[PDB]
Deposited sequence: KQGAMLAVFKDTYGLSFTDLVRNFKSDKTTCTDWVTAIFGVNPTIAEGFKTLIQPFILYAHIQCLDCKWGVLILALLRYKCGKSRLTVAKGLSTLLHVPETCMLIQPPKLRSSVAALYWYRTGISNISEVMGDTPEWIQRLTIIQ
């Protein structure tokens, strides 16, 4: 049941979910098969719980696939994160991939940075320090 979502995620976003992930505040969350109207309102729904949010929405096999990097106001466990997302999106935890982001990957940092600059993502809050430091420029 995890492999199937990983496969769909790579087909949809163009990269392995494992390229981005390694209680805590920072979590990478992929929610599968979400209702379009619900997904469109995710930004507003999750805002009261975070300090930072990076959100993308793309269609997949099952419906809308939400990919978001979140920094919560309060530290949370994987289970607590899933419960909160399920309440907001009406999707069970079995249709989610939730794992802490990689914090020492220049590739992962670059991914969030670039997609963040792009209008394809909905970003709010203060950008995490690790993304800024690891992003290579020149």
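Asker: Where does the model skip over parts of the deposited sequence?
Answerer: Hole in the chain trace, numbered from 1: 23 to 29.
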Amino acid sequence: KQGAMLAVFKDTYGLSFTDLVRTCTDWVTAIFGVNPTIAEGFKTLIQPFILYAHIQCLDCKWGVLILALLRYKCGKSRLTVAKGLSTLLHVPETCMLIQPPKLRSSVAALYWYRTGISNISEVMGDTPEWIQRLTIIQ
From here on, numbers count along this sequence of modelled residues.
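Asker: Determine, for stretches 51 to 59 and 32 to 40, which one has the higher mean CA B-factor as deposited.
Answerer: Averaging CA B-factors over each stretch, the winner is 32 to 40.
Asker: Out of 60 to 68 and 93 to 101, which one has CA B-factors that are higher on average in the deposited record?
Answerer: Per the deposited B-factors, the answer is 93 to 101.
Asker: Highest Cα B-factor in the deposition, which of 18, 12, 25, 115?
Answerer: Largest recorded C-alpha B-factor: 25.
Asker: Of the three thirds of its chain by CA temperature factor, lowest, middle or highest, which one includes residue 77?
Answerer: It belongs to the highest third of the chain when residues are ordered by C-alpha B-factor.
Asker: Against its chain's modelled residues, does residue 137's Cα B factor rank lowest, middle or highest third?
Answerer: Its C-alpha B-factor, which the entry lists for residue 137, ranks in the highest third among residues of this chain.
Asker: In terms of the chain's CA B-factor thirds, is residue 87 lowest, middle or highest?
Answerer: Its C-alpha B-factor belongs to the middle third of this chain's values.
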